[PDB]
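Each chain, letter by letter, is given below.
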Amino acid sequence: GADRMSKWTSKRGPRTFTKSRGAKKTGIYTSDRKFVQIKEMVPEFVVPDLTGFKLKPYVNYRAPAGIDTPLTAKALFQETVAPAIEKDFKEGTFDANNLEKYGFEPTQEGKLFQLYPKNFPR
Amino acid sequence: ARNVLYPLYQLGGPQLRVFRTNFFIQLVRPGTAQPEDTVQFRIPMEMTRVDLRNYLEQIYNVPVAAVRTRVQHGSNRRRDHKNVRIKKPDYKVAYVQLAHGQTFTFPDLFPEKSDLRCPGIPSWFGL
Amino acid sequence: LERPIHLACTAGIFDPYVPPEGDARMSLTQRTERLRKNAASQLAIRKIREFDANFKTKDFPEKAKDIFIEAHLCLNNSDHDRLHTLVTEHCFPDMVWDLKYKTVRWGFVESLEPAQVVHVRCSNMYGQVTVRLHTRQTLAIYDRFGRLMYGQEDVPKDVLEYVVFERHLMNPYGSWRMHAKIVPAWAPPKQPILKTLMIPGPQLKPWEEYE
Amino acid sequence: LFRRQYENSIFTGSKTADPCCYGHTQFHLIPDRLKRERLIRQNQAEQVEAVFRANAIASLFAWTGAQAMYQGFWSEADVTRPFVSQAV
Amino acid sequence: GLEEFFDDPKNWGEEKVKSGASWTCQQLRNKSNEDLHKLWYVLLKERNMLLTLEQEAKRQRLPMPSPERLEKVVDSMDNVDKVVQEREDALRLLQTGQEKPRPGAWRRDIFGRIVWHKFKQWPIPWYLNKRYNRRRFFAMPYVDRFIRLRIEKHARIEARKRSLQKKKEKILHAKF
Amino acid sequence: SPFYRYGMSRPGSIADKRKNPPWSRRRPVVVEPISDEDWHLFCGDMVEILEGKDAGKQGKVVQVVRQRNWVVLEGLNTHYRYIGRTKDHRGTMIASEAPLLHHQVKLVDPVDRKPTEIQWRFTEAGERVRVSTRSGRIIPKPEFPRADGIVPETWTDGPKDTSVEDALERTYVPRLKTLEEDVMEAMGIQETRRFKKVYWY
Amino acid sequence: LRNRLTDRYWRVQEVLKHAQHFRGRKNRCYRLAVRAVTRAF
Amino acid sequence: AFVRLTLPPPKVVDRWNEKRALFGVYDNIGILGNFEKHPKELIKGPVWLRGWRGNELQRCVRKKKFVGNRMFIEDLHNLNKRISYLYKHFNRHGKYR
RNA sequence: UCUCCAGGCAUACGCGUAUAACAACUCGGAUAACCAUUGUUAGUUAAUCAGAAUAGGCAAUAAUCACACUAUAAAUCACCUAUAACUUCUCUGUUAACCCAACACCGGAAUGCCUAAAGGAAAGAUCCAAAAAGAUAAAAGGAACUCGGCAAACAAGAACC
RNA sequence: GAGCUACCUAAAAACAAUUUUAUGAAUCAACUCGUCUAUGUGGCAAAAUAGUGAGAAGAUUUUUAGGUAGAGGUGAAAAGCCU
RNA sequence: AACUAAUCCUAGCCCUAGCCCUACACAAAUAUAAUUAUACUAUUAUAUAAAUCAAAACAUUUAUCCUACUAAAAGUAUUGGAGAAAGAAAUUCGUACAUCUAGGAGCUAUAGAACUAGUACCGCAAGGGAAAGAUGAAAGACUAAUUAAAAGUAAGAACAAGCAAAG
Ligand SMILES: [Mg+2]
Ligand SMILES: [Mg+2]
Ligand SMILES: [Mg+2]
Ligand SMILES: [Mg+2]
Ligand SMILES: [Mg+2]
Ligand SMILES: [Mg+2]
Ligand SMILES: [Mg+2]
Ligand SMILES: [Mg+2]
Ligand SMILES: [Mg+2]
Ligand SMILES: [Mg+2]
Ligand SMILES: [Mg+2]
Ligand SMILES: [Mg+2]
Ligand SMILES: [Mg+2]
Ligand SMILES: [Mg+2]
Ligand SMILES: [Mg+2]
Ligand SMILES: [Mg+2]
Ligand SMILES: [Mg+2]
Ligand SMILES: [Mg+2]
Ligand SMILES: [Mg+2]
Ligand SMILES: [Mg+2]
Ligand SMILES: [Mg+2]
Ligand SMILES: [Mg+2]
Ligand SMILES: [Mg+2]
Ligand SMILES: [Mg+2]
Ligand SMILES: [Mg+2]
Ligand SMILES: [Mg+2]
Ligand SMILES: [Mg+2]
Ligand SMILES: [Mg+2]
Ligand SMILES: [Mg+2]
Ligand SMILES: [Mg+2]
């Protein structure tokens, strides 16, 4: 006589049954049955200053949309890294060991924001 | 932010900063009668009452004194032409009590502001 | 509406020409009047000439008269397909709406006096020509069951009416089609229905009282 | 504020048989959750005084009302003597 | 303030409100990361006002004025999210060579299927985690008969689909 | 949905919802497939009706339902109906167009008004253009008003609409930094703590 | 159903035409009409 | 019984389409071609019954013999059960002993 | 307002929007009114109610108002030694005339408080037949009934195999 | 498949008043059971109703979770019970 | 002079042929009472298939089930309560339509897949498992018509007497 198709949520079942609705934890339950909220675990909204900002929600219908060109690794590399290496190659002051000079990161460990595995939310 | 991973926190970890916000909320007219300071919100199911306080104070610069939340169950009783139950989405309601003695009342959107003696014969005929 | 609705005619008359009291006589004058209002109406004729270039008031009454005779004769046969070409969409429902499930016998007896253009107007652009027609006609309408409800089987009665024709100047396939009739206030009343009518008085609930 | 159904109790701190049936002074300690520093951070600065007043009104009305009912006074037999108590 | 959850007071009660075009991806690409960060919040406040306005119309049993505004805003926010995602994806590839931000692996579940497994963050290594180890990423021999049945079940579906296309072509050529 | 039938009423409108309910199971319409390249009829094109009630009459396209291979001409192939009918009033008589299939019309040569069959061919710049099979000529793509009713030239932006210059200003400076790093540096946030080791599995 | 009888209408009318002057369900119900017609013949 | 109230669309048959016009050609490939190929080699059909005929029990056994090792589990189980049913019918049931 | 009836309110388990308003009057309630029905919109708000650091050492003495007593069936972390940490409120339950019995089923369904201050209505209208069911009353008689004092009784006592 | 039922394990619960040699004692509620009769017999009910009766501090009753599975389990043996 | 009804054609299906596959198709969540962001508590198919049934019982035994190229050798040699039945090989033959995605003296809504769906519903569970649709070119033309036509009724109760008819 039970309903098999509806979702299992905390509203159903006995009182002992409990489960979350998808909210991220903001603290720890210590011994003695005490909740201890952690300030670092609570997301902080980084909101910029919008004074003097010229961009608004919509755009002029007369504004031309551009040709779609999704960014690629090569496109990023040419814009940022290529000029430095090309200039250094002409001067001859280039070596394999010092790729970090141009912006290469040997490892993501020690960075606050790691690209892989990602350690920051959107 | 919803539908994303949070970096796991361990002793000495940095503060969690969400630079772009994924939570979208809507201010709703109270169904029941509420104190003047209280304001109702419908918020994503993954948002906590702590999140709403920071959300409102930081994005909208509104001081908040207290927040309460409840999860409303959506009806699963209505059936479609194939007799399959239609699920109305479960959602979360937030009650925000404003600070500093400020008051709010939901604004009034949408303020507004032939002849009976010759029947059945077309009058077009001039004869 | 993604596609704008298309109208080949405009409801109503741009300027409702007021016939002069007593015009129903001698069955010049009104010929001069169109000349007199040339500033208001000749300019309309000039514009009609540009898009048409063959619009001559001298010959329009003959064509205008021809449309009137043929349009009504469709009523006898009930050839709606033909009649749509002859009359505008504004005129069509007025002529035909109340004749459903009825048979009408209409004939045109000799015209008493020559038809004359009396008033024209222009407003994308529509041009309306008012014509004056004095003619003797016969009409008899019947029920579903063939019983006569209006008119006399065959007797001619003299009729004076003012009929407005219209054309959609812009459209290449537009044509002059009967659009409306202007009734003078001084007109005598039309013949009454054969049967007798009861006009109900006010209906009163128990609360109410008659006054 | 939430409702429950359980034993209805009228108590002054001791049973009616106790000779000491009146009140002199009550001492209350505000819980740490409600103390000044937390309230300011929660942004409810104006509630610092309100917390004290609510505790006094509720606590002292409960005590004096219980004392009055110990003397036989209830809603249909209202008190003939004002009933007094104080709290810090 | 809370007034930002509603439209301009003049617009209240108006049957329509004029709005421009939504941001396209290419227009956003010209903007800097800082500008996109600010533009996100500008759209967010607009999105909340439209979501607020949409709900009020339902309560009042009235049409929502200019409902296309909502779709335009959502489209703009997707483009901002896409452009930021593209820039992050390119930088990840250059510095790490990984095509995904999240670690994972190709594994066989107990039912005999191949599924991409998304890794989770844990404070202890896998061999010391008793909850994790109870999870099984292998299939026992009793699953092979089911593996064949799925393949045959799927093959029948594909055979019927191909046949039906050929039948439908007959109708087209016969009709035309 | 397979049983959906495309009609004259726009999809998603109140009229379409009434016509195409979830339970409707009407017999499929058979449409001769036409590739996007093959199709050559566009809104605003003057065309001539080869056959029918209005055979030989030229018209201007105003709607194209490609899923039915339909082209609708303004004021042609027109029947009559009453619009705005209510219990009290009849409504207004109007002339309503009916769809014409692609093979029942032909495109018209601009200089000489005749039903010239056309072929697709590229140009010097490389842009694809329709060319007449006989009397080879460029039949330009016509200009049609936007469906939503927005005229870009007449458009005057109100508040909340970015100006042209502002939208087209370039501020992006390519660098190997994420949005998170860029914002923190710009906003002046300082964080020296680092996440402890986490095991992914 | 590759082959289904398509003429059963006329086979039924063979019997019923002789039974139309009977009274009751004999005159229209084939299972009853057929038995009555055979006794009449 | 109920009968159609309308005539169905007329059947149009092209008797001179390529398939009908050329039917039978090369059926004498052997006698007119020096017997390099037998006419059965022109038969198109299931692999287990090209140039062969038999009763249903024989056909079921022949299909299993030819393509039994490439059959789906549902099909092979059904085919095997059909063999046992036909085996019991032909060898134990009937009027004539 | 009147007449009459006498298991109500909470919690647990279960149920899953049946809750409330409006609008409808197709379907559902075994009929109407009205809605338990259809559509739309709303709702149940908690730091107190409810759910959700490590290693050592160690214990003879019931409960029953625990005193006196008696009993036999023999009957509920703490505390200490060290080590480590050195200020916290998020998450989840909360509506209802409801659950198990195919049903708006004279059935089944745990605990606390109370016994009417809470909760309810046996009669759609009329008529006064037979048979059938239930209640009350009985002149004279008092088991003559019947397989049997079955059932009923102003009785409910005695005795024996 | 032991959410019914049979038996068991763990954790819990209930038993007023009146007498008594002080208890598998007595009277009799709540509660558990089901003696006899009538009704009902497609019923309110796929075993009920209405009366009348039996036990009612115990080998009592009841609640929650767990256990034993068909070549088997359980059984104060009715070859009874295991949706 | 008509109600209840009836008519319809394509949704898809069937069998072959050909062909290995490599599809493993956002974010997030899930083996915890699945779909619950983190430690507690470790994790692992099966020894031979049986019986029904045939032998007119049944007890050894009983083709396929339990597959290794077609055709022939051959239902032969052999095996078998020498019963019912079972049953080879040596040895000969075979280039298979080839090419590209084809074909139907197959079904047409009680048919063809159970399928509009493994849904609704039924069951504690394993599991079982339905029914049905039909306008036109256009509905931005008010949703189409077509048919003494089934049973059942109505239009129109009956009138001594009887397998209800026949002469
Ligand atoms: Mg109402
Ligand atoms: Mg009813
Ligand atoms: Mg209600
Ligand atoms: Mg309702
Ligand atoms: Mg809560
Ligand atoms: Mg409640
Ligand atoms: Mg039942
Ligand atoms: Mg009451
Ligand atoms: Mg009664
Ligand atoms: Mg009595
Ligand atoms: Mg007596
Ligand atoms: Mg006797
Ligand atoms: Mg006797
Ligand atoms: Mg008795
Ligand atoms: Mg149990
Ligand atoms: Mg007691
Ligand atoms: Mg006893
Ligand atoms: Mg007793
Ligand atoms: Mg006793
Ligand atoms: Mg027992
Ligand atoms: Mg015995
Ligand atoms: Mg026995
Ligand atoms: Mg045998
Ligand atoms: Mg036997
Ligand atoms: Mg046997
Ligand atoms: Mg045997
Ligand atoms: Mg079927
Ligand atoms: Mg079926
Ligand atoms: Mg009939
Ligand atoms: Mg007789």
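Up top is the structure.
All of the points below concern the structure found in this document. (Residues numbered from 1 in each chain as written, not as in the entry; some residues may be left out. Chains lettered and ligands numbered in written order. Part of a larger assembly, values for the part shown. Heavy atoms only, no water.)

### Regarding the interface of chain E and chain H
Taken together, the contact between chain E and chain H spans 6 residues of the former and 5 residues of the latter. Note on chain E versus chain H: buried area summed over both sides is about 510 Å², and carbon and sulfur give 63% of it. Among the residues chain E hides against chain H, the three largest losses belong to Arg148, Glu152 and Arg156 of chain E. Together they make up 72% of the total. Of the charged contacts in the structure, one is a salt bridge between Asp75 of chain H and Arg156 of chain E, with a shortest N-O distance of 3.4 Å. Residue composition of the side of chain E that touches chain H, by class: 2 nonpolar, no polar and 4 charged. (Contact = heavy atoms within 4.5 Å. Buried area = accessible area lost by both parts, 1.4 Å probe. Salt bridge = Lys/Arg side-chain N within 4 Å of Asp/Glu carboxyl O. Nonpolar A, V, L, I, M, F, W, Y, C, P; charged D, E, K, R; others polar.)

### Quick word on the sheet that holds strand 2 (residues 26-28) of chain B
All names here are of chain B. Strand order in the open sheet made by the 4 strands is 2-3-5-4, with antiparallel pairing throughout. Each of the sheet's edge strands pairs with one partner strand only, and the pair in question is strand 2 and strand 4 (64-72). In this sheet, neighbouring strand axes are inclined to one another by 30° on average, regardless of whether the strands run parallel or antiparallel. Relative to strand 5 (residues 91-98), strand 3 (residues 38-43) runs antiparallel, the two sharing 6 bridges. Within the sheet, the bridge partner assigned to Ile43 lies in strand 5 and is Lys92. (Pairing = 2+ DSSP bridges. Helix = DSSP H or I, 4+ residues; strand = E, 2+ residues; numbered from the N terminus. Axes fitted to C-alpha atoms, helices over the stretch in contact; angles between N-to-C directions.)

### A few points about the interface of chain A and chain E
Facing 37 residues of chain A, the contacting portion of chain E comprises 39 residues. Summing both partners gives a buried area of about 3,300 Å² for chain A against chain E, and 65% of it is carried by carbon and sulfur. Three residues stand out in chain A for area buried against chain E, namely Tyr58, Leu115 and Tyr116 of chain A, and they jointly supply 22% of the buried area on that side. A salt bridge links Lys118 of chain A to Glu88 of chain E, with the nearest nitrogen and oxygen atoms 3.0 Å apart. Counting the contacts that link chain A with chain E gives 13 residue pairs in polar contact. Contributions of two or more residues to the side of chain A that touches chain E are made by strand 4 (58-59) and helix 1 (73-80) of chain A. For the side of chain A that touches chain E, a count of residues per class yields 25 nonpolar, 6 polar and 6 charged. (Polar contact = N/O pair within 3.5 Å; in protein donor to acceptor, adjacent residues only side chain to side chain.)

### Details of the protein's contact with RNA strand K
Of all residues adjacent to RNA strand K, which total 112 residues, the nearest are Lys19 of chain A, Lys168 of chain E, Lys19 and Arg26 of chain F together with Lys64 of chain H. Separating a phosphate oxygen of RNA strand K from a side-chain N or O atom of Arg62 of chain H is a distance of 2.8 Å. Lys65 of chain H places a polar main-chain atom, nitrogen or oxygen, 3.3 Å from a phosphate oxygen of RNA strand K. When residues in the surface near RNA strand K are grouped by element, the largest group, 7 residues, is from helix 5 (residues 144-175) of chain E. Counted by class, the surface near RNA strand K contains 50 nonpolar, 18 polar and 44 charged residues. (Near = heavy atom within 4 Å.)

### With respect to the side chain of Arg68 of chain F
Residue and element names in this part refer to chain F. Locating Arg68 in the fold gives a position in the loop between strand 2 (58-65) and strand 3 (70-73). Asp16 provides the closest opposite charge to the buried, salt-bridge-free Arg68, at an N-O distance of 9.7 Å. When sequence neighbours within four positions are dropped, the list of residues in contact with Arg68 reads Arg5, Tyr6, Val29, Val31 and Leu101. (Buried < 20%, exposed > 50% of the residue type's maximum accessible area, 1.4 Å probe, protein only. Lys, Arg positive; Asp, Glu negative; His and termini not counted.)

### A few points about helix 2 (residues 56-67) of chain H
Residue and element names in this part refer to chain H. Helix length check: helix 2, at 12 residues, gives a terminal C-alpha distance of 16 Å against a target of 16 Å (1.5 Å per residue), a fit within 8%. Those residues of helix 2 that sit buried are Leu57, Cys60 and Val67. Here the buried residues of helix 2 occupy an arc of 140° about the axis, which is enough to place them on one side. Contacts made by the buried residues of helix 2 are with helix 3 (73-92). (Expected span 1.5 Å × (residues − 1). Arc of directions from axis to C-beta.)

### Here we look at the sheet that holds strand 6 (residues 100-101) of chain F
Residues and elements named next belong to chain F. One open sheet accounts for 5 strands, arranged 6-3-2-1-7; its pairing is antiparallel. A single partner strand is all that each edge strand has here, and the edge strands are strand 6 and strand 7 (105-107). Bridge count for strand 2 against strand 3 is 4 bridges, and the pairing is antiparallel. When the bridges of strand 3 are listed, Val65 appears paired with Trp70.

### Digging into the packing of helix 1 of chain A against helix 2 (residues 82-91) of chain A
The description of two helices packed together rests on the angle between their axes and the distance between the axes. All names here are of chain A. Two elements in contact, helix 1 and helix 2, have axes separated by 4 Å at closest approach and are oriented at 50°. When the axis of helix 1 is compared with that of helix 2, the two are oblique. Mapping the contact onto sequence places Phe77, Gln78, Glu79 and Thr80 in helix 1 and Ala82, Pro83 and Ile85 in helix 2. Residues belonging to the contact of helix 1 with helix 2 are distributed by class as follows: 4 nonpolar, 2 polar and 1 charged. (Parallel < 35°, antiparallel > 145°, perpendicular 65-115°, else oblique.)

### Observations regarding the pattern of salt bridges
Residue and element names in this part refer to chain F. Evaluation of the coordinates by the stated rule reveals 43 salt bridges over all chains. Close ionic contact of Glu191 with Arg193 constitutes a salt bridge, the shortest N to O distance being 2.8 Å. Look at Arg193 and you get partly exposed, because its relative accessible area is 31%.

### Focus on a nonpolar patch on the surface
All names here are of chain E. Side chains of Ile124, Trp126, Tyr127 and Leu128 sit close together on the surface and give an oily, nonpolar patch of about 460 Å² of accessible area. Mapped onto the elements, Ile124 comes out in the loop between strand 3 (121-122) and helix 4 (130-134). Judged by relative accessible area, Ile124 falls into the partly exposed class, the value being 35%. (Patch = residues over 30% accessible without salt bridge, like charges linked within 9 Å, V, L, I, M, F, W, Y side chains within 5 Å. Areas by Shrake-Rupley, 256 points an atom, 1.4 Å probe, with all protein chains shown as cover.)

### A few points about the packing of aromatic side chains
For any pair of aromatic rings, the description consists of the separation of the ring centres together with the inter-plane angle of the planes. The full count for this structure, using the stated rule, is 29 aromatic pairs over all chains. Measuring from centroid to centroid gives 5.9 Å for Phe113 of chain A and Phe19 of chain B, while their planes differ by 80°, and the two rings are edge-to-face. One end of the pair, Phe113 of chain A, is in the segment after helix 2; the other, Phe19 of chain B, is in the loop between strand 1 (17-18) and strand 2, on a second chain. As far as the burial class goes, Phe113 of chain A and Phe19 of chain B line up, both buried. Between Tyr132 of chain E and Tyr201 of chain F the ring centres are 4.7 Å apart and the planes differ by 75°, which places this aromatic pair in the edge-to-face class. (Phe/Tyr/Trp six-rings, centres within 6.5 Å; stacked < 30°, edge-to-face > 60°.)

### Considering the arrangement of the chains
The interface with the highest contact count, out of 11 pairs of chains in contact, is the one between chains A and E. The two units chain D and chain E are non-contacting; their minimal C-alpha-C-alpha distance is 16 Å. The two partners chain F and chain H share no contact, and the minimum distance between any of their C-alpha atoms is 17 Å.

### Brief notes about the pairing of strand 5 of chain B
All names here are of chain B. Taken across its 8 residues, strand 5 has 6 buried, putting it largely inside the fold. With 8 bridges joining them, strand 4 and strand 5 adopt antiparallel strand pairing. Bridged to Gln72 within strand 5 is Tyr91.

### Focus: helix 3 (residues 60-77) of chain C
All names here are of chain C. End to end, helix 3 covers 26 Å across 18 residues, agreeing with the expected 26 Å (1.5 Å per residue, within 8%). Those residues of helix 3 that sit buried are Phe60, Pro61, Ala64, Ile67, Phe68, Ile69, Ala71, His72, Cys74 and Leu75. Two residues or fewer after helix 3 comes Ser78, characterised by a positive phi angle close to 65°.

### Considerations on a positive patch on the surface
On the surface, a cluster of positive charge is made up of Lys24 and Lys25 of chain A together with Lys120 and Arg131 of chain E. Inspection of the secondary structure puts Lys120 of chain E in the loop between strand 2 (114-118) and strand 3. Owing to a relative accessible area of 41%, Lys120 of chain E belongs among the partly exposed residues under this scheme. (Charge placed at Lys NZ, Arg CZ, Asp CG, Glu CD.)

### Describing the protein's contact with RNA strand I
If you check the shell around RNA strand I, you find 49 residues, and the closest are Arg49 and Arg68 of chain B, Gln5 and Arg38 of chain D together with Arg61 of chain E. Atoms of RNA strand I within 4 Å of the protein: sugar and phosphate make up 67%, bases the balance. In this structure, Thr69 of chain B approaches RNA strand I through a main-chain N or O atom, which is 3.0 Å from a phosphate oxygen. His73 of chain B places a polar side-chain atom, nitrogen or oxygen, 3.1 Å from a phosphate oxygen of RNA strand I. Among the secondary structure elements, those contributing two or more residues to the surface near RNA strand I are strand 1 (27-30) and strand 2 (34-37) of chain A, strand 3, helix 1 (49-59), strand 4 and strand 5 of chain B together with helix 2 (33-60) of chain E. Residue contributions to the surface near RNA strand I peak at 5 residues, all from strand 4 of chain B. Each residue belonging to the surface near RNA strand I can be placed in one class, and the counts come to 8 nonpolar, 20 polar and 21 charged.

### What to know about the side chain of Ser59 of chain D
All names here are of chain D. Considering the arrangement of structural elements, one finds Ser59 in helix 2 (residues 47-70). For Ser59, a relative accessible area of 17% gives the class buried. At a separation of 2.5 Å, a polar atom in the side chain of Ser59 contacts the main-chain carbonyl oxygen of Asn55. Excluding its chain neighbours within four sequence positions, the residues that come into contact with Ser59 are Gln26 and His28.

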